[PDB]
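Below is one structure, written out as structure tokens, with a few remarks after it.
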Amino acid sequence: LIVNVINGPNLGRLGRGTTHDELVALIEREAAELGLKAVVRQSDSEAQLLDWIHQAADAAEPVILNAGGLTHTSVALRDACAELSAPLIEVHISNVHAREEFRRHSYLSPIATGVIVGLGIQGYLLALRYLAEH
Amino acid sequence: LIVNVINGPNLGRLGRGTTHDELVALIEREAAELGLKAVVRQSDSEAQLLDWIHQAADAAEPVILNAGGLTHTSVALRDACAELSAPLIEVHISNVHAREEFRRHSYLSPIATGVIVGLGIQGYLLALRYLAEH
Amino acid sequence: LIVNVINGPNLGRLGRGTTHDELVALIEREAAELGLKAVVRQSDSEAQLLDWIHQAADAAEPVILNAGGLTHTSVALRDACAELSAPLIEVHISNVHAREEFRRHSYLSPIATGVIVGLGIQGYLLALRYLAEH
Ligand SMILES: O=C(O)[C@@]1(O)C[C@@H](O)[C@H](O)C(OCc2cc3ccccc3s2)=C1Cc1cccs1
Ligand SMILES: O=C(O)[C@@]1(O)C[C@@H](O)[C@H](O)C(OCc2cc3ccccc3s2)=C1Cc1cccs1
Ligand SMILES: O=C(O)[C@@]1(O)C[C@@H](O)[C@H](O)C(OCc2cc3ccccc3s2)=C1Cc1cccs1
């Protein structure tokens with residue numbers, strides 16, 4: 001049943017139209033409809049994100065991760081994620097391939113099961129549906 | 001009146017001749033002379049720096065930012081700064097163009113109003129004077 | 001007598017055969033045999049690692065540093081380490097030259113006294129022995 005949705009730096013600033021709290025609500029509702037339980041967490045702290053990934057590794061739970069800027073920069077986060085035995089779906093709200101070159105490189109994509117970008121907040125919901133059907 | 005001066009990693013080690021406390025004193029005095037209030041904050045924690053940038057975004061206040069090593073490495077910090085509606089002045093005490101190649105690239109400069117480097121601690125004071133006259 | 005052994009992100013996950021606690025035990029025992037005192041610390045937080053490096057700088061104590069993913073990414077950590085007056089030995093358990101290209105670049109190596117990689121946990125013990133004989 002359990003899927004961990006982990007949001008990284010700046011994701012708490014969503015909507016300041018959809019706020020981060022509203023995103024949590026949308027994800028939780030969709031998870032319920034799919035027979036899952038979504039646990040949604042956000043932090044601007046890499047160490048906090050690492051701890052949540054460690055917990056998912058210990059629990060053998062899947063992760064939907066939007067790491068924000070750390071996607072492009074953090075080897076530590078990638079390496080934490082490499083311990084996950086369950087699927088890892090990388091999500092970006094924006095199309096990271098449509099702006100600065102540096103955003104087109106992700107440390108996470110090579111070790112993720114898959115990646116969804118540019119489909120807005122629905123990307124999280126589509127990631128949930130992937131996990132439900134697998 | 002209010003200008004946020006935000007110092008990143010290692011800036012607390014200044015003078016260990018001018019210490020970070022002495023830098024705060026110099027900035028506060030100059031701000032007073034210019035009819036401004038400077039709020040000076042330093043942290044080695046990226047998450048703390050992000051929170052201070054978020055607060056400046058919410059308050060529509062300008063920021064003078066010396067991000068230390070994060071200047072060259074942090075997309076998360078750049079992205080937080082992109083939310084600022086008021087001016088962002090990037091400051092470096094040292095001339096970052098006169099040593100290692102990696103220091104000559106800043107994630108902040110492309111989104112800053114302007115950048116002052118190599119003028120020592122006076123760089124902060126000159127940034128204050130820019131904001132006062134604008 | 002005192003050598004600071006500082007472990008960065010993900011090192012707390014060792015053995016989850018040798019756990020991080022067992023690594024601490026092995027290092028402490030070897031330090032004792034060499035007439036040293038090893039102080040072993042681990043954190044997933046860059047800010048915490050920076051504080052431990054600052055303390056070693058203030059105490060003029062040597063550092064054996066395995067920075068984990070931050071080895072490849074953190075200018076802030078490198079810059080903190082540049083304040084150290086005593087030796088800095090960079091250690092990696094794995095051979096960082098035998099996998100992804102990005103692991104073959106270290107911000108720490110150019111400012112370290114030396115570097116040991118790929119010799120497993122014994123790398124820490126060999127670093128201790130270097131410091132003991134110098
Ligand atoms: O597309 C993403 O999900 C992304 O992982 C791309 C990543 O390159 C960037 O650091 C980021 O962080 C930069 C941000 C921009 C922004 C705009 C409006 C409200 C909040 C935020 S946070 C985000 C996260 C995004 C969320 C929404 C659009 S991008
Ligand atoms: O020039 C800067 O302001 C800079 O943002 C350049 C940046 O590349 C570097 O990570 C850093 O951080 C490296 C440091 C060096 C140093 C030397 C003496 C006392 C404190 C510090 S902290 C600094 C910050 C600087 C402050 C003073 C000189 S450079
Ligand atoms: O070789 C190292 O010491 C290294 O600094 C290499 C570095 O590139 C990597 O981020 C890391 O962090 C990735 C990790 C992998 C792993 C595997 C088994 C148990 C724990 C960990 S943590 C480590 C630290 C390592 C420890 C053991 C093997 S690599």
Side-chain angles (χ1 to χ4, degrees), chain A residues 7-16 18 20 23 65-73 75-76 78-80 82-83 90-96 99-100 102-104 106 117-118 120-121 123, chain B residues 7-16 18 20 65-73 75-76 78-80 82-83 90-96 99-100 102-104 106 117-118 120-121 123, chain C residues 7-16 18 20 23 65-73 75-76 78-80 82-83 90-96 99-100 102-104 106 117-118 120-121 123:
Chain A
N7 282 329
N10 302 128
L11 273 293
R13 307 290 299 165
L14 275 168
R16 309 174 184 181
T18 308
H20 192 271
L23 178 57
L65 177 57
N66 183 349
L70 301 176
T71 306
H72 316 296
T73 63
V75 171
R78 174 202 173 104
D79 284 352
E83 199 183 353
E90 178 184 0
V91 170
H92 300 289
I93 289 170
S94 77
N95 185 346
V96 291
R99 49 182 188 302
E100 306 96 315
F102 66 76
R103 287 189 207 280
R104 314 192 178 188
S106 170
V117 315
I121 60 176
Chain B
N7 282 329
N10 302 128
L11 273 293
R13 307 290 299 165
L14 275 168
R16 309 174 184 181
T18 308
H20 192 271
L65 177 57
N66 183 349
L70 301 176
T71 306
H72 316 296
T73 63
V75 171
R78 174 202 173 104
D79 284 352
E83 199 183 353
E90 178 184 0
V91 170
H92 300 289
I93 289 170
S94 77
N95 185 346
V96 291
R99 49 182 188 302
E100 306 96 315
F102 66 76
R103 287 189 207 280
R104 314 192 178 188
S106 170
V117 315
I121 60 176
Chain C
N7 282 329
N10 302 128
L11 273 293
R13 307 290 299 165
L14 275 168
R16 309 174 184 181
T18 308
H20 192 271
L23 178 57
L65 177 57
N66 183 349
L70 301 176
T71 306
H72 316 296
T73 63
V75 171
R78 174 202 173 104
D79 284 352
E83 199 183 353
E90 178 184 0
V91 170
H92 300 289
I93 289 170
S94 77
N95 185 346
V96 291
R99 49 182 188 302
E100 306 96 315
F102 66 76
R103 287 189 207 280
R104 314 192 178 188
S106 170
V117 315
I121 60 176

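Every number for a ligand or one of its atoms is a count from 1 in the order of the listing. Numbered from 1 within each chain, the chains take letters A, B, ... in sequence-line order.
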Report the C-alpha separation of C:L23 and C:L14 in whole Å, then their side-chain angles, then the decisive distance to 0.1 Å, and conclude whether the side-chain contact (heavy atoms from CB on, under 4.5 Å) test is met. CA-CA 9 Å; C:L23 178 57; C:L14 275 168; 3.6 Å; yes
Between B:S94 and B:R99, the two heavy atoms sitting closest are OG-NH2, 2.8 Å
Check the pair A:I93, A:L11 against side-chain contact (heavy atoms from CB on, under 4.5 Å), reporting the backbone distance first and the verdict last. CA-CA 10 Å; A:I93 289 170; A:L11 273 293; 4.0 Å; yes
Over all atoms of both residues, closest heavy-atom pair of A:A80 and C:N10: CB-ND2, 3.3 Å
Contact table, ligand 1 N/O with protein N/O, distance under 3.5 Å:
from     : atom 1 : to     : atom 2 : distance (Å)
ligand 1 : 1 (O)  : A:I93  : N      : 3.3
ligand 1 : 1 (O)  : A:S94  : N      : 2.8
ligand 1 : 1 (O)  : A:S94  : OG     : 2.6
ligand 1 : 3 (O)  : A:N66  : ND2    : 2.9
ligand 1 : 3 (O)  : A:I93  : N      : 2.8
ligand 1 : 5 (O)  : A:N66  : OD1    : 2.7
ligand 1 : 5 (O)  : A:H92  : ND1    : 2.7
ligand 1 : 8 (O)  : A:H72  : NE2    : 2.7
ligand 1 : 8 (O)  : A:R103 : NH1    : 2.9
ligand 1 : 10 (O) : A:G69  : N      : 3.1
ligand 1 : 10 (O) : A:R103 : NH1    : 3.4
ligand 1 : 10 (O) : B:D79  : OD2    : 2.5

List in chain and number order the residues that pass side chain to side chain contact (heavy atoms under 4.5 Å, CB included) with C:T71, two or more places apart in sequence or in another chain; answer none if no residue qualifies. C:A67, C:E90, C:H92, C:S106, C:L108
Between B:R103 and C:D79, is there a salt bridge with N-O shorter than 4.0 Å? yes
